[PDB]
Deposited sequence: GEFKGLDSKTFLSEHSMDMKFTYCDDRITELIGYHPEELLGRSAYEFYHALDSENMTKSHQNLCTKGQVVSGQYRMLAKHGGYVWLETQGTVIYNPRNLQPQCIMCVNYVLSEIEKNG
């Protein structure tokens, strides 16, 4: 028996330089990380080498368009290996303050 789409969905918040400023506790059941061990680190440090250029383009797009949907990408898991994710990113501005990420693990979990 596997996890559903809501169970494989976690939220994350980042500053404009990609650094984690918040992460939902759900990432522990999915990727192994603890929100405190991610704080201050850049999201870029977690992408698979082969997905780096696409995420750079997605961030540049996100900055100009305000919102973006990444493609399928890989994120390094806590104890080796990589999970496949798909994220919807949204910039929160002051009518930029931060980036909100709705992250969904495509991979088969629990």
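- The deposited chain is incompletely modelled, with C-alpha atoms absent over 1, 97-100, 116-118.
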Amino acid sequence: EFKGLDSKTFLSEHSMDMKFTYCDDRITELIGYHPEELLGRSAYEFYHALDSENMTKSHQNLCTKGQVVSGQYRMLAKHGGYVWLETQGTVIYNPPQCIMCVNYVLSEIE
From here on, numbers count along this sequence of modelled residues.
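- The records show that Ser12 is included in the coordinate set of every other eligible entry of this protein, so it is not omitted in a third of them.
- Compared against other deposited entries of this protein, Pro95 counts as often unmodelled, lacking coordinates in at least a third of those that resolve the residues around it.
- In this entry, 28-36 shows the higher mean Cα temperature factor of the pair 28-36 and 41-49.
- When the two stretches 81-89 and 62-70 are set side by side, the higher mean Cα temperature factor goes to 62-70.
- Taking only the listed residues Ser15, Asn94, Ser12, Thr9, the entry reports the highest CA temperature factor at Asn94.
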